[PDB]
Amino acid sequence: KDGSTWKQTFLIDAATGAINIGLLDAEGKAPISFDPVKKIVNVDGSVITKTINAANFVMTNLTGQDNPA
Amino acid sequence: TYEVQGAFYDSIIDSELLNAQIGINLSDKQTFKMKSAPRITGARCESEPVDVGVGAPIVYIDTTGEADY
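This is the structure:
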């Protein structure tokens, strides 16, 4: 409850197993997003894990002026 | 290209006499080539399409100069 309105914090859709986590940005960009339809886990920010196993560490220039490395 | 010839003129040598170059006993001439300023032949910019993210802008510009740096 923010004043007279309510801001979404987290959503869990029935049709799609999408779980957005976090207060929405002014432009509507959720911090953490999910999509089983595309089989992607989308996290804006950082990820900390003891280890990671994968088959393709494909660095990307996600931002306009980023430096993948 | 220019040719260089000169020498020292003492207190005896006068401005008019120096212009006449009679008693100066100047040095033998020497010819050298004067370099050329840089110029840009063409201006362009291309970048690679990317599946995910954004292609990093790059500038390709072709010169024709001869400056050391």
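Which chain is which? The protein sequence lines are A and B, in order. Here the first sequence is numbered in this note's numbering, starting from 1 and rising by one per residue. Here the second sequence is numbered in this note's numbering, starting from 70 and rising by one per residue. Note that beta-carbon positions come from the ideal geometry of N, C-alpha and C, so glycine has one too.
Could you have a look at residue i and say whether DSSP puts it in helix, strand or coil?
i, result
"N20 (chain A)", "strand"
"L86 (chain B)", "helix"
"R113 (chain B)", "strand"
"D97 (chain B)", "coil"
"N61 (chain A)", "coil"
"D2 (chain A)", "strand"
Do you know offhand how far residue i's Cα is from residue j's?
i, j, result
"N67 (chain A)", "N61 (chain A)", "6 Å"
"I127 (chain B)", "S96 (chain B)", "53 Å"
"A69 (chain A)", "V73 (chain B)", "56 Å"
Note the first and the last residue of the continuous beta strand (DSSP E) segment covering residue i.
i, result
"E135 (chain B)", "Note, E135 (chain B): premise wrong, no beta strand (DSSP E); not H, not E."
"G122 (chain B)", "Note, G122 (chain B): premise wrong, no beta strand (DSSP E); not H, not E."
"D35 (chain A)", "32-35"
"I12 (chain A)", "10-12"
"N42 (chain A)", "40-43"
Nearest to residue i by alpha carbon, out of the options?
i, options, result
"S46 (chain A)", "A:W6, A:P36, A:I32, A:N56", "A:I32"
"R108 (chain B)", "B:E85, B:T133, B:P126", "B:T133"
"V41 (chain A)", "A:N20, A:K7, A:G64, A:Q8", "A:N20"
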